Amino acid sequence: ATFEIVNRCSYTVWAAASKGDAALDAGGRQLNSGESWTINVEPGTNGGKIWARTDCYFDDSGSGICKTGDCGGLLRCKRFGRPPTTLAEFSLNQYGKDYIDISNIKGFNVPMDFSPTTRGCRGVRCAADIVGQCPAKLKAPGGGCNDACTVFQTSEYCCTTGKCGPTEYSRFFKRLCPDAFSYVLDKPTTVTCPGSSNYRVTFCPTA
């Protein structure tokens, strides 16, 4: 499956793609404002994620650091990134179908649209200004808006015991972005697409 990754932001981002124990495609690449990077993700990829990273420095070997979304200091990500990270999430060819969603469970750094390029389903979007409206105690001094699990490390925010409810913090993400996961047990906003769909992830989809 092809995922076109498009940076519409006015600033450079470093796209990342991983299923947590391995890179997807090259795993990561710089996208200046306007650039598009098309990756190929193996069919059957379960638990894949694509995100943006901001304010990165890499040396000639591709080791460095990013202020959001750093995945162990690598250009080419093999693992998930350091919150805060808006997440494009997907499982492909799961009993005949694809599943996609955007999640704010690991916080928010960059607005995102996640849409199929082929027929038979709809896209999802979290494009509100969450960083500028971020509650004071969630602001990440490094840039972005942390989720409350990252900030407070409690059973209620992290949903450790499997029994959490919505919170003042989750309700902020859900209010700004109704169509993205705000906490682990949020009512799902997952979209069912035909198996083997193709996709576009757009950073900063709106003005």
# chains A, B, ... in the order shown; residues from 1 in each chain; ligands from 1
$ select_by_dssp --residues "chain A" --states "strand (DSSP E)" --output "PyMOL selection string"
chain A and resi 2-7+13-18+23-31+36-40+48-58+64-68+87-94+97-103+112-116+124-126+191-194+199-203
$ residues_around --residues "segment 162-176 of chain A" --least-positions-apart "5" --cutoff "9 Å" --atoms "only C-alpha atoms" --output "PyMOL selection string"
chain A and resi 104-105+107-108+126-130+133-135+138+147-148+155-157+181-186
$ write_last_selection --atoms "N, CA and C atoms" --output "tab-separated table (two decimals), in the first residue's frame"
chain	number	residue	atom	x	y	z
A	104	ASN	N	-4.86	11.47	19.41
A	104	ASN	CA	-4.26	12.42	20.32
A	104	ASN	C	-3.85	11.87	21.74
A	105	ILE	N	-3.87	10.54	21.87
A	105	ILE	CA	-3.53	9.84	23.09
A	105	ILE	C	-2.06	10.06	23.55
A	107	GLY	N	-0.57	12.92	22.69
A	107	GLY	CA	-0.47	14.37	22.51
A	107	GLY	C	-0.66	14.84	21.07
A	108	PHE	N	-0.30	16.10	20.83
A	108	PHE	CA	-0.47	16.75	19.54
A	108	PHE	C	0.75	17.62	19.29
A	126	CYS	N	-7.51	16.05	12.17
A	126	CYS	CA	-7.30	16.79	13.39
A	126	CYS	C	-6.41	17.98	13.02
A	127	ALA	N	-7.05	19.07	12.62
A	127	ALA	CA	-6.39	20.26	12.08
A	127	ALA	C	-6.64	21.52	12.94
A	128	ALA	N	-7.29	21.41	14.09
A	128	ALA	CA	-7.51	22.60	14.93
A	128	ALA	C	-6.17	23.03	15.53
A	129	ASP	N	-6.13	24.26	16.06
A	129	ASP	CA	-4.89	24.80	16.66
A	129	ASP	C	-4.68	24.31	18.10
A	130	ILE	N	-4.40	23.05	18.26
A	130	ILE	CA	-4.31	22.50	19.59
A	130	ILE	C	-3.09	23.02	20.34
A	133	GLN	N	-3.97	26.51	21.78
A	133	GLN	CA	-4.98	26.51	22.81
A	133	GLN	C	-4.67	25.52	23.93
A	134	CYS	N	-3.54	24.82	23.86
A	134	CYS	CA	-3.16	23.79	24.84
A	134	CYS	C	-3.34	24.27	26.28
A	135	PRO	N	-3.96	23.45	27.18
A	135	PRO	CA	-4.06	23.90	28.60
A	135	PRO	C	-2.66	24.10	29.14
A	138	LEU	N	-0.45	21.13	30.20
A	138	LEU	CA	-0.07	20.21	29.09
A	138	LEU	C	0.95	20.74	28.09
A	147	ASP	N	-0.22	14.78	26.09
A	147	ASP	CA	-1.39	14.15	26.69
A	147	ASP	C	-1.15	14.09	28.20
A	148	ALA	N	-2.20	13.80	28.95
A	148	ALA	CA	-2.14	13.86	30.40
A	148	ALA	C	-1.46	12.63	30.99
A	155	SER	N	-3.02	6.10	36.74
A	155	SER	CA	-3.85	5.01	36.13
A	155	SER	C	-5.03	5.54	35.33
A	156	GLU	N	-5.59	6.66	35.78
A	156	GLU	CA	-6.79	7.23	35.16
A	156	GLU	C	-6.42	7.79	33.79
A	157	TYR	N	-5.34	8.56	33.69
A	157	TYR	CA	-4.95	9.15	32.41
A	157	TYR	C	-4.37	8.14	31.40
A	181	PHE	N	-9.04	10.08	18.50
A	181	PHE	CA	-8.98	9.55	19.86
A	181	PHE	C	-8.43	10.56	20.86
A	182	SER	N	-9.16	10.79	21.94
A	182	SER	CA	-8.67	11.70	22.97
A	182	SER	C	-8.11	10.98	24.23
A	183	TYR	N	-8.53	9.74	24.47
A	183	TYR	CA	-8.04	8.91	25.60
A	183	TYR	C	-8.19	7.42	25.18
A	184	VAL	N	-7.63	6.49	25.94
A	184	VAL	CA	-7.53	5.12	25.44
A	184	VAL	C	-8.92	4.52	25.15
A	185	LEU	N	-9.92	4.86	25.96
A	185	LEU	CA	-11.25	4.24	25.88
A	185	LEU	C	-12.28	5.16	25.29
A	186	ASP	N	-11.83	6.16	24.54
A	186	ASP	CA	-12.71	7.04	23.81
A	186	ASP	C	-13.60	6.20	22.89
$ closest_residue --among "A:25, A:91, A:114, A:141" --to "residue 179 of chain A" --atoms "only C-alpha atoms"
A:114
$ residues_around --residues "residue 93 of chain A" --least-positions-apart "6" --cutoff "7 Å" --atoms "only C-alpha atoms" --output "ChimeraX atom specification"
/A:43-44,195-196
$ write_last_selection --atoms "N, CA and C atoms" --output "PDB file, in the first residue's frame"
ATOM      1  N   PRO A  43       1.514  -5.033   2.805  1.00  0.00           N
ATOM      2  CA  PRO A  43       0.146  -5.459   3.220  1.00  0.00           C
ATOM      3  C   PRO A  43       0.168  -6.242   4.540  1.00  0.00           C
ATOM      4  N   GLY A  44      -0.903  -6.163   5.338  1.00  0.00           N
ATOM      5  CA  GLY A  44      -0.924  -6.872   6.628  1.00  0.00           C
ATOM      6  C   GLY A  44      -0.229  -6.153   7.770  1.00  0.00           C
ATOM      7  N   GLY A 195      -9.834  -3.381   2.079  1.00  0.00           N
ATOM      8  CA  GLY A 195      -8.474  -3.934   2.248  1.00  0.00           C
ATOM      9  C   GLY A 195      -7.578  -3.464   1.113  1.00  0.00           C
ATOM     10  N   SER A 196      -6.304  -3.189   1.400  1.00  0.00           N
ATOM     11  CA  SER A 196      -5.451  -2.725   0.337  1.00  0.00           C
ATOM     12  C   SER A 196      -5.808  -1.360  -0.266  1.00  0.00           C
TER      13      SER A 196
END
$ closest_residue --among "A:74, A:131, A:39, A:26" --to "residue 4 of chain A" --atoms "only C-alpha atoms"
A:39
$ select_by_dssp --residues "segment 12-195 of chain A" --states "helix (DSSP H, G or I)" --output "JSON, numbers by chain"
{"A": [130, 131, 132, 133, 136, 137, 138, 148, 149, 150, 151, 152, 155, 156, 157, 158, 168, 169, 170, 171, 172, 173, 174, 175, 176]}
$ write_last_selection --atoms "C-alpha atoms" --output "PDB file, in the first residue's frame"
ATOM      1  CA  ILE A 130      -4.308  22.498  19.587  1.00  0.00           C
ATOM      2  CA  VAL A 131      -0.792  23.752  20.348  1.00  0.00           C
ATOM      3  CA  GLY A 132      -1.941  27.390  20.698  1.00  0.00           C
ATOM      4  CA  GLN A 133      -4.980  26.509  22.812  1.00  0.00           C
ATOM      5  CA  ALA A 136      -1.134  25.411  30.591  1.00  0.00           C
ATOM      6  CA  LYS A 137      -0.217  22.154  32.380  1.00  0.00           C
ATOM      7  CA  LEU A 138      -0.072  20.211  29.087  1.00  0.00           C
ATOM      8  CA  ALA A 148      -2.135  13.861  30.401  1.00  0.00           C
ATOM      9  CA  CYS A 149      -0.706  10.328  30.711  1.00  0.00           C
ATOM     10  CA  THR A 150       2.718  11.691  29.626  1.00  0.00           C
ATOM     11  CA  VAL A 151       2.417  14.581  32.056  1.00  0.00           C
ATOM     12  CA  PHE A 152       0.934  12.998  35.179  1.00  0.00           C
ATOM     13  CA  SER A 155      -3.853   5.006  36.129  1.00  0.00           C
ATOM     14  CA  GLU A 156      -6.793   7.231  35.164  1.00  0.00           C
ATOM     15  CA  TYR A 157      -4.946   9.149  32.406  1.00  0.00           C
ATOM     16  CA  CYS A 158      -2.932   6.156  31.099  1.00  0.00           C
ATOM     17  CA  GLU A 168     -10.874  17.458  31.746  1.00  0.00           C
ATOM     18  CA  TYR A 169      -7.654  16.959  29.718  1.00  0.00           C
ATOM     19  CA  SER A 170      -9.032  14.333  27.284  1.00  0.00           C
ATOM     20  CA  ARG A 171     -12.106  16.592  26.818  1.00  0.00           C
ATOM     21  CA  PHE A 172      -9.906  19.393  25.577  1.00  0.00           C
ATOM     22  CA  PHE A 173      -8.460  17.250  22.763  1.00  0.00           C
ATOM     23  CA  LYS A 174     -11.992  15.874  21.901  1.00  0.00           C
ATOM     24  CA  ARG A 175     -13.493  19.402  21.837  1.00  0.00           C
ATOM     25  CA  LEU A 176     -10.748  20.719  19.488  1.00  0.00           C
TER      26      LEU A 176
END
$ residues_around --residues "residue 120 of chain A" --least-positions-apart "5" --cutoff "10 Å" --atoms "only C-alpha atoms" --output "VMD selection string"
chain A and resid 192 to 194 197
$ residues_around --residues "residue 75 of chain A" --least-positions-apart "2" --cutoff "6 Å" --atoms "only C-alpha atoms" --output "PyMOL selection string"
chain A and resi 28+62+77
$ closest_residue --among "A:35, A:21, A:42, A:98" --to "residue 203 of chain A" --atoms "only C-alpha atoms"
A:35
$ closest_residue --among "A:95, A:80, A:199, A:90" --to "residue 5 of chain A" --atoms "only C-alpha atoms"
A:199
$ closest_residue --among "A:201, A:60, A:8, A:145" --to "residue 38 of chain A" --atoms "only C-alpha atoms"
A:201
$ closest_residue --among "A:48, A:64, A:72, A:34" --to "residue 19 of chain A" --atoms "only C-alpha atoms"
A:48
$ residues_around --residues "residue 41 of chain A" --least-positions-apart "4" --cutoff "8 Å" --atoms "only C-alpha atoms" --output "list in words"
residues 1, 2, 3, 24, 25 and 45 of chain A
$ atom_distance --atom1 "atom CA of residue 51 of chain A" --atom2 "atom CA of residue 96 of chain A"
25.3 Å
$ atom_distance --atom1 "atom CA of residue 76 of chain A" --atom2 "atom CA of residue 101 of chain A"
23.0 Å
$ atom_distance --atom1 "atom CA of residue 14 of chain A" --atom2 "atom CA of residue 113 of chain A"
16.2 Å
